[PDB]
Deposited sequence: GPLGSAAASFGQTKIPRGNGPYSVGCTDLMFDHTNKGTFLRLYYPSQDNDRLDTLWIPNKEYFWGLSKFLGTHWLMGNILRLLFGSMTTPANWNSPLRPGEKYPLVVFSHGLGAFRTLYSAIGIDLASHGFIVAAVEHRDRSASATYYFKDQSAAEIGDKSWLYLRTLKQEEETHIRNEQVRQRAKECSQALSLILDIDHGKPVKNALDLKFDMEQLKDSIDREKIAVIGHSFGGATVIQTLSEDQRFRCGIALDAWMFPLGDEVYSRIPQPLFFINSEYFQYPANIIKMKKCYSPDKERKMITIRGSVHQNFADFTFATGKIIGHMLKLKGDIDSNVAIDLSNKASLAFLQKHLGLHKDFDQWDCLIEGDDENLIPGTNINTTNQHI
């Protein structure tokens, strides 16, 4: 039910954890490859964590497991990397209560247009669930240590969310550094024991065409990561939740920055913070997909029927495939303009400006 990528490349998918601790990097890789069998949500504990995030008990955990536990996503698991070329790199940051696998609609479509996409799994305790290993012995027998989402008291939110977004930007940088090191032949031992050799990635990254993309909490991570890591050349923030960011960051984003909003998530206090990032000497774009809801950017907008997805706030008015296509095409055109790609994604340059029936330029919210 998750749409196949619309590009000409076929898409592989694998997982990489290095090192094995909770300070290491944990990402899912989508990439052009040389079967469509990747498990969407691969462990029972992610369903338990999703149930705690949603506010239900042990029951709703196993129910979610029974419904989706073997649902796949259209990527060739451990398929070989399509050799011959250098690929641009997107680092992707998930929202609160999500984890590394819940944005394959976006990851797989970018990979089919020639990107390698590194979807990181954050260990800031903003994920529903993630895991690490206490030592190499535990990794050798696959004995996972799970860390679940921390819920916060209202008195804590401001401080903790900002520390979390700094830790998330740190993890996006650490993912980039690892991928850039593998590109130069640094040897890695995947703490997971998968049939994909990371040596395939040697001399396979275009080290000047790096972008960071994020949804919600991940949208704030785009801004913190851009502010801190000059190696990233542009950012796309999908329905960014701006709260975690401190006041000092908004005037300290040099790179091109694209805001892609849904209609029904946004509110003035959030829009004003996006507007604090604007400067006449900096490249900023903003569009809003009409009729869309927060969840149109994550994969659960494709996991249920129209009527119940509409009921659970997983679907909006706009068709879920029309929304992700608009957002993906606008992203591809923006990436081409600011990464310098020699592709034909500028056919969608009208979308960066909101020139579609299903798009608003900027936002319908007004601020001072």
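Spell out the unmodelled ranges of the deposited sequence for me, N- to C-terminal, numbering from the first residue. Absent from the structure are positions 1 to 13, 48 to 50, 385 to 388.
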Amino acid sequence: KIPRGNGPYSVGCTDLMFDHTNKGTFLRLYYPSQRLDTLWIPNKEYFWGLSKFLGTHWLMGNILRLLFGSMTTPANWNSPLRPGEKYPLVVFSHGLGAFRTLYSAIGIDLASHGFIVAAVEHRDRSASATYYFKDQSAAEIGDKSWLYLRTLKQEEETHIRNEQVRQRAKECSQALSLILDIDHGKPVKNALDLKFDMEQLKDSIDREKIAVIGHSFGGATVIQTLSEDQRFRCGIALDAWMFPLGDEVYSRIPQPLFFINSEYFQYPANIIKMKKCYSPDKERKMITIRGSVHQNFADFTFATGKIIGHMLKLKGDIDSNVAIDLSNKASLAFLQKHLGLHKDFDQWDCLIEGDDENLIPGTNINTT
From here on, numbers count along this sequence of modelled residues.
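We call the rigid core whatever largest set of C-alpha positions still superposes within 1.5 Å between the two forms.
Comparing C-alpha positions in 8 other deposited structures of this protein against this form, with the rigid core used for the fit, which stretch differs more, 156 to 164 or 135 to 143? Higher root mean square deviation of C-alphas in 8 other deposited structures of this protein is shown by 135 to 143.
Between 257 to 265 and 128 to 136, point out the one with the higher average CA B-factor as the PDB entry records it. Result of the comparison: 128 to 136.
Mean C-alpha B factor from the entry: is it higher for 348 to 356 or for 21 to 29? Between 21 to 29 and 348 to 356, it is 348 to 356 that shows the higher mean C-alpha B-factor.
Determine which member of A333, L339, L39, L67 has the highest CA B-factor, using the values in the deposited entry. Of the options given, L67 has the highest CA B-factor in the PDB entry.
Between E85, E121, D229, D239, where does the Cα B-factor run highest in the record? Checking the PDB record, the top C-alpha B-factor among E85, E121, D229, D239 is at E85.
Compare the C-alpha B factor of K202 with those of the other modelled residues in its chain, then answer lowest, middle or highest third. Ranked within chain, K202 CA B lands in the highest tercile.
In terms of the chain's CA B-factor thirds, is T101 lowest, middle or highest? Ranked within chain, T101 CA B lands in the lowest tercile.
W146, C-alpha B-factor rank within chain (lowest, middle or highest third): Middle third - that is where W146 ends up once the chain's C-alpha B-factors are sorted.
Determine, from the deposited record, the chain-internal third of the Cα B-factor for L152: lowest, middle or highest. CA B-factor rank for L152: highest third.
Grab the CA temperature factor for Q167 from the record and place it in the lowest, middle or highest third of its chain. Lowest third - that is where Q167 ends up once the chain's C-alpha B-factors are sorted.
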